[PDB]
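Visitor: This is target-v5.pdb (PDB, C-alpha atoms).
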ATOM      1  CA  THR P 913     -19.477  65.427 -15.249  1.00  0.00           C
ATOM      2  CA  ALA P 914     -18.028  68.088 -12.923  1.00  0.00           C
ATOM      3  CA  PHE P 915     -18.551  71.815 -12.490  1.00  0.00           C
ATOM      4  CA  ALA P 916     -16.972  74.428 -10.233  1.00  0.00           C
ATOM      5  CA  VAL P 917     -17.685  78.116  -9.723  1.00  0.00           C
ATOM      6  CA  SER P 918     -13.956  78.844 -10.134  1.00  0.00           C
ATOM      7  CA  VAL P 919     -14.337  78.678 -13.939  1.00  0.00           C
ATOM      8  CA  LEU P 920     -16.850  81.558 -14.060  1.00  0.00           C
ATOM      9  CA  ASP P 921     -14.419  84.241 -12.843  1.00  0.00           C
ATOM     10  CA  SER P 922     -13.214  84.767 -16.423  1.00  0.00           C
ATOM     11  CA  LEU P 923     -16.658  86.273 -17.079  1.00  0.00           C
ATOM     12  CA  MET P 924     -15.867  89.524 -15.263  1.00  0.00           C
ATOM     13  CA  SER P 925     -12.952  90.543 -17.480  1.00  0.00           C
ATOM     14  CA  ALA P 926     -14.964  89.558 -20.550  1.00  0.00           C
ATOM     15  CA  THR P 927     -17.951  91.474 -19.186  1.00  0.00           C
ATOM     16  CA  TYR P 928     -15.730  94.554 -19.096  1.00  0.00           C
ATOM     17  CA  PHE P 929     -14.652  94.284 -22.728  1.00  0.00           C
ATOM     18  CA  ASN P 930     -18.166  93.708 -24.092  1.00  0.00           C
ATOM     19  CA  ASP P 931     -21.381  93.258 -22.114  1.00  0.00           C
ATOM     20  CA  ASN P 932     -22.968  91.636 -25.182  1.00  0.00           C
ATOM     21  CA  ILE P 933     -21.125  88.424 -24.278  1.00  0.00           C
ATOM     22  CA  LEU P 934     -22.747  88.384 -20.838  1.00  0.00           C
ATOM     23  CA  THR P 935     -26.145  89.223 -22.336  1.00  0.00           C
ATOM     24  CA  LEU P 936     -25.874  86.358 -24.832  1.00  0.00           C
ATOM     25  CA  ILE P 937     -24.692  83.935 -22.143  1.00  0.00           C
ATOM     26  CA  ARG P 938     -27.627  84.882 -19.916  1.00  0.00           C
ATOM     27  CA  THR P 939     -30.233  84.657 -22.682  1.00  0.00           C
ATOM     28  CA  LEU P 940     -28.806  81.289 -23.783  1.00  0.00           C
ATOM     29  CA  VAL P 941     -28.460  79.792 -20.292  1.00  0.00           C
ATOM     30  CA  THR P 942     -31.272  81.066 -18.059  1.00  0.00           C
ATOM     31  CA  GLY P 943     -33.962  80.341 -20.661  1.00  0.00           C
ATOM     32  CA  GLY P 944     -34.526  83.853 -21.996  1.00  0.00           C
ATOM     33  CA  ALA P 945     -35.070  86.122 -18.992  1.00  0.00           C
ATOM     34  CA  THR P 946     -36.224  89.327 -20.653  1.00  0.00           C
ATOM     35  CA  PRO P 947     -35.707  92.550 -18.653  1.00  0.00           C
ATOM     36  CA  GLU P 948     -39.479  92.609 -18.117  1.00  0.00           C
ATOM     37  CA  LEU P 949     -39.130  89.285 -16.294  1.00  0.00           C
ATOM     38  CA  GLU P 950     -36.252  90.731 -14.276  1.00  0.00           C
ATOM     39  CA  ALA P 951     -38.397  93.703 -13.233  1.00  0.00           C
ATOM     40  CA  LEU P 952     -41.352  91.463 -12.354  1.00  0.00           C
ATOM     41  CA  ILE P 953     -39.120  89.247 -10.209  1.00  0.00           C
ATOM     42  CA  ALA P 954     -37.546  92.293  -8.544  1.00  0.00           C
ATOM     43  CA  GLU P 955     -41.033  93.623  -7.745  1.00  0.00           C
ATOM     44  CA  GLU P 956     -42.815  90.729  -6.014  1.00  0.00           C
ATOM     45  CA  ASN P 957     -39.999  88.133  -5.678  1.00  0.00           C
ATOM     46  CA  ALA P 958     -42.257  85.627  -7.444  1.00  0.00           C
ATOM     47  CA  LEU P 959     -43.734  84.715 -10.827  1.00  0.00           C
ATOM     48  CA  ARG P 960     -47.345  85.438 -11.790  1.00  0.00           C
TER      49      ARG P 960
ATOM     50  CA  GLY B 961     -58.864 103.105  30.451  1.00  0.00           C
ATOM     51  CA  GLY B 962     -61.218 105.651  31.937  1.00  0.00           C
ATOM     52  CA  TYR B 963     -64.833 106.747  31.745  1.00  0.00           C
ATOM     53  CA  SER B 964     -66.258 110.027  30.482  1.00  0.00           C
ATOM     54  CA  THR B 965     -65.521 112.694  33.095  1.00  0.00           C
ATOM     55  CA  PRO B 966     -65.513 116.506  32.805  1.00  0.00           C
ATOM     56  CA  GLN B 967     -62.002 116.539  34.287  1.00  0.00           C
ATOM     57  CA  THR B 968     -60.739 114.267  31.503  1.00  0.00           C
ATOM     58  CA  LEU B 969     -62.522 116.355  28.862  1.00  0.00           C
ATOM     59  CA  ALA B 970     -60.847 119.469  30.276  1.00  0.00           C
ATOM     60  CA  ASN B 971     -57.521 117.608  30.164  1.00  0.00           C
ATOM     61  CA  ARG B 972     -58.191 116.966  26.468  1.00  0.00           C
ATOM     62  CA  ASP B 973     -57.700 120.680  25.735  1.00  0.00           C
ATOM     63  CA  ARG B 974     -54.082 121.291  24.709  1.00  0.00           C
ATOM     64  CA  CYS B 975     -51.997 122.683  21.849  1.00  0.00           C
ATOM     65  CA  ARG B 976     -51.169 120.387  18.945  1.00  0.00           C
ATOM     66  CA  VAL B 977     -48.175 120.924  16.676  1.00  0.00           C
ATOM     67  CA  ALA B 978     -48.719 120.844  12.916  1.00  0.00           C
ATOM     68  CA  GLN B 979     -47.496 122.414   9.681  1.00  0.00           C
ATOM     69  CA  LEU B 980     -49.654 124.772   7.614  1.00  0.00           C
ATOM     70  CA  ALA B 981     -49.192 125.866   4.003  1.00  0.00           C
ATOM     71  CA  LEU B 982     -49.265 129.332   2.438  1.00  0.00           C
ATOM     72  CA  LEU B 983     -50.579 128.270  -1.018  1.00  0.00           C
ATOM     73  CA  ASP B 984     -54.329 128.733  -0.257  1.00  0.00           C
ATOM     74  CA  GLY B 985     -56.441 129.735   2.784  1.00  0.00           C
ATOM     75  CA  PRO B 986     -56.469 133.057   4.773  1.00  0.00           C
ATOM     76  CA  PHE B 987     -52.657 133.349   4.767  1.00  0.00           C
ATOM     77  CA  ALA B 988     -52.337 133.177   0.968  1.00  0.00           C
ATOM     78  CA  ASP B 989     -52.238 136.983   0.825  1.00  0.00           C
ATOM     79  CA  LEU B 990     -49.182 136.934   3.117  1.00  0.00           C
ATOM     80  CA  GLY B 991     -47.429 134.167   1.174  1.00  0.00           C
ATOM     81  CA  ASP B 992     -45.233 136.667  -0.684  1.00  0.00           C
ATOM     82  CA  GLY B 993     -45.787 139.612   1.668  1.00  0.00           C
ATOM     83  CA  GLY B 994     -42.226 139.453   2.973  1.00  0.00           C
ATOM     84  CA  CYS B 995     -43.230 140.129   6.603  1.00  0.00           C
ATOM     85  CA  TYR B 996     -43.027 136.938   8.656  1.00  0.00           C
ATOM     86  CA  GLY B 997     -43.568 138.967  11.822  1.00  0.00           C
ATOM     87  CA  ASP B 998     -46.844 140.339  10.475  1.00  0.00           C
ATOM     88  CA  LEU B 999     -48.001 136.812   9.623  1.00  0.00           C
ATOM     89  CA  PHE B1000     -47.058 135.594  13.103  1.00  0.00           C
ATOM     90  CA  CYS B1001     -48.882 138.488  14.773  1.00  0.00           C
ATOM     91  CA  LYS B1002     -51.999 137.925  12.659  1.00  0.00           C
ATOM     92  CA  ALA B1003     -52.017 134.183  13.373  1.00  0.00           C
ATOM     93  CA  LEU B1004     -51.513 134.736  17.106  1.00  0.00           C
ATOM     94  CA  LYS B1005     -54.201 137.426  17.327  1.00  0.00           C
ATOM     95  CA  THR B1006     -56.873 135.677  15.255  1.00  0.00           C
ATOM     96  CA  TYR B1007     -56.421 131.910  15.643  1.00  0.00           C
ATOM     97  CA  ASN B1008     -53.986 131.898  18.611  1.00  0.00           C
TER      98      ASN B1008
ATOM     99  CA  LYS R 684     -64.236 103.634  27.642  1.00  0.00           C
ATOM    100  CA  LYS R 685     -62.528 105.814  25.031  1.00  0.00           C
ATOM    101  CA  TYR R 686     -59.593 107.445  26.859  1.00  0.00           C
ATOM    102  CA  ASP R 687     -57.165 106.391  29.578  1.00  0.00           C
ATOM    103  CA  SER R 688     -57.473 106.946  33.334  1.00  0.00           C
ATOM    104  CA  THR R 689     -56.007 110.457  33.116  1.00  0.00           C
ATOM    105  CA  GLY R 690     -58.118 111.273  30.053  1.00  0.00           C
ATOM    106  CA  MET R 691     -55.052 112.542  28.195  1.00  0.00           C
ATOM    107  CA  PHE R 692     -54.426 109.703  25.710  1.00  0.00           C
ATOM    108  CA  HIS R 693     -56.665 107.677  23.431  1.00  0.00           C
ATOM    109  CA  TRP R 694     -57.596 104.148  24.461  1.00  0.00           C
ATOM    110  CA  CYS R 695     -59.290 101.061  23.063  1.00  0.00           C
ATOM    111  CA  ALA R 696     -60.332  97.574  24.084  1.00  0.00           C
ATOM    112  CA  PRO R 697     -57.559  94.939  24.181  1.00  0.00           C
ATOM    113  CA  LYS R 698     -57.291  93.644  20.621  1.00  0.00           C
ATOM    114  CA  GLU R 699     -55.948  90.182  19.862  1.00  0.00           C
ATOM    115  CA  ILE R 700     -52.802  90.021  17.738  1.00  0.00           C
ATOM    116  CA  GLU R 701     -54.521  87.855  15.113  1.00  0.00           C
ATOM    117  CA  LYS R 702     -57.251  90.455  14.536  1.00  0.00           C
ATOM    118  CA  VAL R 703     -54.925  93.283  13.453  1.00  0.00           C
ATOM    119  CA  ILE R 704     -52.714  91.150  11.188  1.00  0.00           C
ATOM    120  CA  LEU R 705     -53.252  91.981   7.511  1.00  0.00           C
ATOM    121  CA  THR R 706     -52.093  90.062   4.451  1.00  0.00           C
ATOM    122  CA  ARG R 707     -51.012  91.660   1.174  1.00  0.00           C
ATOM    123  CA  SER R 708     -54.450  91.260  -0.400  1.00  0.00           C
ATOM    124  CA  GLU R 709     -56.218  92.219   2.838  1.00  0.00           C
ATOM    125  CA  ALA R 710     -54.142  95.400   2.946  1.00  0.00           C
ATOM    126  CA  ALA R 711     -54.914  95.862  -0.760  1.00  0.00           C
ATOM    127  CA  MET R 712     -58.705  95.985  -0.371  1.00  0.00           C
ATOM    128  CA  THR R 713     -58.584  98.411   2.555  1.00  0.00           C
ATOM    129  CA  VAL R 714     -57.824 102.052   1.762  1.00  0.00           C
ATOM    130  CA  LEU R 715     -54.787 103.469   3.584  1.00  0.00           C
ATOM    131  CA  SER R 716     -54.545 107.190   2.804  1.00  0.00           C
ATOM    132  CA  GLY R 717     -52.800 109.780   4.944  1.00  0.00           C
ATOM    133  CA  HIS R 718     -51.416 107.121   7.289  1.00  0.00           C
ATOM    134  CA  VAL R 719     -48.075 106.247   8.902  1.00  0.00           C
ATOM    135  CA  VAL R 720     -45.975 103.271   7.778  1.00  0.00           C
ATOM    136  CA  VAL R 721     -43.318 102.018  10.203  1.00  0.00           C
ATOM    137  CA  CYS R 722     -40.639  99.688   8.845  1.00  0.00           C
ATOM    138  CA  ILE R 723     -39.144  97.342  11.446  1.00  0.00           C
ATOM    139  CA  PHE R 724     -35.849  95.513  10.879  1.00  0.00           C
ATOM    140  CA  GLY R 725     -35.786  92.906  13.633  1.00  0.00           C
ATOM    141  CA  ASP R 726     -36.329  89.274  14.531  1.00  0.00           C
ATOM    142  CA  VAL R 727     -37.072  87.148  17.592  1.00  0.00           C
ATOM    143  CA  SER R 728     -33.504  87.403  18.941  1.00  0.00           C
ATOM    144  CA  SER R 729     -33.284  91.183  18.467  1.00  0.00           C
ATOM    145  CA  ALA R 730     -33.636  93.840  21.166  1.00  0.00           C
ATOM    146  CA  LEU R 731     -36.886  95.635  21.922  1.00  0.00           C
ATOM    147  CA  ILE R 732     -37.194  99.104  20.339  1.00  0.00           C
ATOM    148  CA  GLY R 733     -39.997 100.550  22.524  1.00  0.00           C
ATOM    149  CA  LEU R 734     -42.624 101.068  19.785  1.00  0.00           C
ATOM    150  CA  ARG R 735     -45.092 102.192  22.466  1.00  0.00           C
ATOM    151  CA  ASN R 736     -43.167 105.465  22.767  1.00  0.00           C
ATOM    152  CA  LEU R 737     -43.556 105.782  18.986  1.00  0.00           C
ATOM    153  CA  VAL R 738     -47.355 105.405  19.021  1.00  0.00           C
ATOM    154  CA  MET R 739     -48.206 107.215  22.275  1.00  0.00           C
ATOM    155  CA  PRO R 740     -47.446 110.787  21.055  1.00  0.00           C
ATOM    156  CA  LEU R 741     -49.283 110.219  17.768  1.00  0.00           C
ATOM    157  CA  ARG R 742     -52.656 109.252  19.288  1.00  0.00           C
ATOM    158  CA  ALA R 743     -53.072 111.804  22.065  1.00  0.00           C
ATOM    159  CA  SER R 744     -56.373 113.217  23.298  1.00  0.00           C
ATOM    160  CA  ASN R 745     -55.926 116.588  21.575  1.00  0.00           C
ATOM    161  CA  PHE R 746     -56.444 114.795  18.235  1.00  0.00           C
ATOM    162  CA  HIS R 747     -59.906 113.797  17.069  1.00  0.00           C
ATOM    163  CA  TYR R 748     -60.691 110.133  16.464  1.00  0.00           C
ATOM    164  CA  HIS R 749     -61.243 110.791  12.759  1.00  0.00           C
ATOM    165  CA  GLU R 750     -57.997 112.810  12.793  1.00  0.00           C
ATOM    166  CA  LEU R 751     -55.907 109.893  14.087  1.00  0.00           C
ATOM    167  CA  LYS R 752     -53.349 108.442  11.682  1.00  0.00           C
ATOM    168  CA  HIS R 753     -53.600 104.715  10.989  1.00  0.00           C
ATOM    169  CA  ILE R 754     -50.281 103.174  12.044  1.00  0.00           C
ATOM    170  CA  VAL R 755     -49.205 100.087  10.089  1.00  0.00           C
ATOM    171  CA  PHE R 756     -46.123  98.117  11.151  1.00  0.00           C
ATOM    172  CA  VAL R 757     -44.600  96.428   8.095  1.00  0.00           C
ATOM    173  CA  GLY R 758     -42.194  93.831   9.425  1.00  0.00           C
ATOM    174  CA  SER R 759     -41.557  90.309  10.613  1.00  0.00           C
ATOM    175  CA  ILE R 760     -44.316  89.036  12.891  1.00  0.00           C
ATOM    176  CA  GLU R 761     -41.765  87.068  14.935  1.00  0.00           C
ATOM    177  CA  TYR R 762     -40.387  90.283  16.428  1.00  0.00           C
ATOM    178  CA  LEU R 763     -43.706  92.149  16.454  1.00  0.00           C
ATOM    179  CA  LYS R 764     -45.474  89.498  18.545  1.00  0.00           C
ATOM    180  CA  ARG R 765     -43.067  90.339  21.390  1.00  0.00           C
ATOM    181  CA  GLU R 766     -44.247  93.977  21.455  1.00  0.00           C
ATOM    182  CA  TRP R 767     -48.022  93.592  21.070  1.00  0.00           C
ATOM    183  CA  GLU R 768     -48.342  93.375  24.868  1.00  0.00           C
ATOM    184  CA  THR R 769     -47.830  97.163  25.026  1.00  0.00           C
ATOM    185  CA  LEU R 770     -49.657  98.186  21.827  1.00  0.00           C
ATOM    186  CA  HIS R 771     -53.001  96.350  22.034  1.00  0.00           C
ATOM    187  CA  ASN R 772     -54.622  99.189  24.017  1.00  0.00           C
ATOM    188  CA  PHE R 773     -54.341 101.597  21.067  1.00  0.00           C
ATOM    189  CA  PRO R 774     -56.785 102.121  18.178  1.00  0.00           C
ATOM    190  CA  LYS R 775     -56.138 102.212  14.434  1.00  0.00           C
ATOM    191  CA  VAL R 776     -53.049  99.974  14.590  1.00  0.00           C
ATOM    192  CA  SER R 777     -52.341  97.207  12.071  1.00  0.00           C
ATOM    193  CA  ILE R 778     -49.464  94.802  11.430  1.00  0.00           C
ATOM    194  CA  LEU R 779     -48.287  93.423   8.078  1.00  0.00           C
ATOM    195  CA  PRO R 780     -45.833  90.492   8.105  1.00  0.00           C
ATOM    196  CA  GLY R 781     -43.049  90.782   5.564  1.00  0.00           C
ATOM    197  CA  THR R 782     -39.911  92.798   4.951  1.00  0.00           C
ATOM    198  CA  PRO R 783     -39.466  96.515   4.186  1.00  0.00           C
ATOM    199  CA  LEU R 784     -37.199  95.588   1.253  1.00  0.00           C
ATOM    200  CA  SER R 785     -40.111  93.983  -0.637  1.00  0.00           C
ATOM    201  CA  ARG R 786     -41.787  96.446  -2.990  1.00  0.00           C
ATOM    202  CA  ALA R 787     -44.950  94.324  -3.100  1.00  0.00           C
ATOM    203  CA  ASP R 788     -45.512  94.819   0.635  1.00  0.00           C
ATOM    204  CA  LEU R 789     -44.832  98.544   0.258  1.00  0.00           C
ATOM    205  CA  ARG R 790     -47.353  98.824  -2.582  1.00  0.00           C
ATOM    206  CA  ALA R 791     -49.857  96.889  -0.463  1.00  0.00           C
ATOM    207  CA  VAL R 792     -49.893  99.548   2.275  1.00  0.00           C
ATOM    208  CA  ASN R 793     -49.977 102.380  -0.292  1.00  0.00           C
ATOM    209  CA  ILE R 794     -46.536 103.741   0.553  1.00  0.00           C
ATOM    210  CA  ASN R 795     -47.182 106.626  -1.889  1.00  0.00           C
ATOM    211  CA  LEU R 796     -50.127 108.119   0.087  1.00  0.00           C
ATOM    212  CA  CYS R 797     -48.483 108.164   3.569  1.00  0.00           C
ATOM    213  CA  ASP R 798     -47.782 111.237   5.750  1.00  0.00           C
ATOM    214  CA  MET R 799     -44.484 109.724   6.927  1.00  0.00           C
ATOM    215  CA  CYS R 800     -42.531 106.479   6.547  1.00  0.00           C
ATOM    216  CA  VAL R 801     -40.375 105.548   9.550  1.00  0.00           C
ATOM    217  CA  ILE R 802     -37.448 103.164   9.065  1.00  0.00           C
ATOM    218  CA  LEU R 803     -36.124 101.613  12.282  1.00  0.00           C
ATOM    219  CA  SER R 804     -33.623  98.860  13.048  1.00  0.00           C
ATOM    220  CA  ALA R 805     -33.289  96.695  16.157  1.00  0.00           C
ATOM    221  CA  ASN R 806     -30.539  94.165  15.349  1.00  0.00           C
ATOM    222  CA  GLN R 807     -27.982  96.873  14.510  1.00  0.00           C
ATOM    223  CA  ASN R 808     -26.528  96.960  18.039  1.00  0.00           C
ATOM    224  CA  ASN R 809     -25.618  93.259  17.972  1.00  0.00           C
ATOM    225  CA  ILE R 810     -23.454  93.732  14.871  1.00  0.00           C
ATOM    226  CA  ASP R 811     -20.063  95.351  15.503  1.00  0.00           C
ATOM    227  CA  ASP R 812     -18.202  95.962  12.227  1.00  0.00           C
ATOM    228  CA  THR R 813     -18.676  99.270  10.424  1.00  0.00           C
ATOM    229  CA  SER R 814     -19.450  97.645   7.060  1.00  0.00           C
ATOM    230  CA  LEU R 815     -22.600  95.957   8.408  1.00  0.00           C
ATOM    231  CA  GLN R 816     -23.814  99.199  10.036  1.00  0.00           C
TER     232      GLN R 816
END
Have the structure of the file written as structure tokens, please.

Guide:
Amino acid sequence: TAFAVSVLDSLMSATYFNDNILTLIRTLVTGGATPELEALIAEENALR
Amino acid sequence: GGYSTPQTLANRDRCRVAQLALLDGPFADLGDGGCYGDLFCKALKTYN
Amino acid sequence: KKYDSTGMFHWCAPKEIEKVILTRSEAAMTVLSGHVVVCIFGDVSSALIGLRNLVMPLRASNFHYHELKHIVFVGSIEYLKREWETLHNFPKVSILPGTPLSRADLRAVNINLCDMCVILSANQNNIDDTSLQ
């Protein structure tokens, strides 16, 4: 019932030891943002 | 603004600065000639 | 009326600001090849960079009308509307609202076919710390 950004700091250290953990967290949380989606968003700042 | 006058048309005549290339054109022969002074003299004599 | 009073600079009829404004699609249909793209980093509260002094040397009388370079100002219209009072008497000038950091806007004005891309900032003087410089 509560959430704070202070619990996400532990990501950074984990992200150093294996970036696969961050990749899995992202693909499980954001809904599956493929790198193609990331490039498309970085291009036009919108979704087509 | 101003209307068409011979004085203004005479004022139009000036020197413009630009940047030419040695790849093709009449100076292509002097591209690797190794005499920049000769190129300068030719350009000044012919095309001013 | 094509030139100024002295006949030494190009001139044009006073153009309304709304006429020269181009959208991303509108800039897409038109062909911009061999032109000049000026990126402006400013807002309404920024200081005036005198863009007139940037466009006056480019369109002088010694250049032919077909030889003039189309100047497009890619930047926020809030700042650019404060400077149109000194630019409306010049031909081949267009304005694109947006930000220079958007690659879509840059692709709209064909940033790959330009003679020169100018990047200018106006709000830099207000900021003091070296990190934000």

Visitor: Give me the residues of stretch 706-799 of chain R that have any atom at most 10 Å from an atom of stretch 953-959 of chain P; for each, the nearest atom pair and the distance in Å, rounded to one decimal. Use all atoms listed in the file, sort by chain and number, and format it as a Markdown table.

Guide:
| residue | atom | partner | partner_atom | distance |
| --- | --- | --- | --- | --- |
| R:784 | CA | P:955 | CA | 10.0 |
| R:785 | CA | P:956 | CA | 6.8 |
| R:786 | CA | P:955 | CA | 5.6 |
| R:787 | CA | P:956 | CA | 5.1 |
| R:788 | CA | P:956 | CA | 8.3 |
| R:790 | CA | P:955 | CA | 9.7 |

Visitor: Can you work out the spacing between atom CA of residue R:775 and atom CA of residue R:754 in Å, to one decimal?

Guide: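 Distance between the two atoms: 6.4 Å.
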
Visitor: Could you list, as a PyMOL selection string, every residue of chain B that has an atom within 9 Å of an atom of chain R, counting only C-alpha atoms?

Guide: chain B and resi 961-965+967-976

Visitor: One number please: atom CA of residue R:724 to atom CA of residue R:767, in Å, one decimal.

Guide: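 Distance between the two atoms: 16.0 Å.
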
Visitor: Could you work out how far atom CA of residue R:728 lies from atom CA of residue R:814, giving the answer in Å with one decimal?

Guide: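 Between these atoms lies a distance of 21.1 Å.
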
Visitor: How would you write, as a PDB file with C-alpha atoms, in the frame of the given file, the residues chosen by the PyMOL selection byres ((chain R and resi 796) around 6) on this structure?

Guide:
ATOM      1  CA  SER R 716     -54.545 107.190   2.804  1.00  0.00           C
ATOM      2  CA  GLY R 717     -52.800 109.780   4.944  1.00  0.00           C
ATOM      3  CA  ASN R 793     -49.977 102.380  -0.292  1.00  0.00           C
ATOM      4  CA  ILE R 794     -46.536 103.741   0.553  1.00  0.00           C
ATOM      5  CA  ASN R 795     -47.182 106.626  -1.889  1.00  0.00           C
ATOM      6  CA  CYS R 797     -48.483 108.164   3.569  1.00  0.00           C
TER       7      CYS R 797
END

Visitor: Which neighbours of residue B:1008 fall inside 12 Å, counting only C-alpha atoms, when residues of the same chain fewer than 5 positions from it are skipped, and could you give them as a compact mmCIF listing (two decimals) with C-alpha atoms, in the frame of the given file?

Guide:
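Full text of part34.txt as output:
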# COMPACT_ATOMS: atom_id res chain seq x y z
CA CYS B 975 -52.00 122.68 21.85
CA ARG B 976 -51.17 120.39 18.94
CA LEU B 999 -48.00 136.81 9.62
CA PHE B 1000 -47.06 135.59 13.10
CA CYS B 1001 -48.88 138.49 14.77
CA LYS B 1002 -52.00 137.93 12.66
CA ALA B 1003 -52.02 134.18 13.37

Visitor: Rank nothing, just name the residue among R:723, R:739, R:803, R:704 nearest to residue R:779, using only C-alpha atoms.

Guide: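 The shortest atom-to-atom distance to residue R:779 comes from R:704.
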
Visitor: Could you list the residues chosen by the PyMOL selection byres ((chain R and resi 698) around 10) in this structure as a PyMOL selection string?

Guide: chain R and resi 695-697+699-703+767-768+770-774+776

Visitor: In terms of the shortest atom-to-atom distance over all atoms listed in the file, which of R:777, R:707, R:747, R:722 is closest to chain P?

Guide: R:707

Visitor: Each side padded by 8 Å, which centre and which edge lengths in Å (one decimal) define the axis-aligned box around the listed atoms of stretch 936-951 of chain P? Give them as JSON.

Guide:
{"center_x": -32.1, "center_y": 86.7, "center_z": -19.0, "size_x": 30.8, "size_y": 29.9, "size_z": 27.6}

Visitor: Just checking: using only C-alpha atoms, which residue out of R:778, R:711, R:757, R:731 ends up closest to residue R:800?

Guide: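 Closest candidate: R:757.
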
Visitor: When you count all atoms listed in the file, which of these residues is closest to residue R:718: R:782, R:799, R:742, R:759?

Guide: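 Closest candidate: R:799.
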
Visitor: Ranking R:755, R:810, R:721, R:791 by minimum distance to chain P and counting all atoms listed in the file, which one comes first?

Guide: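 Ranked by minimum distance to chain P, first place goes to R:791.
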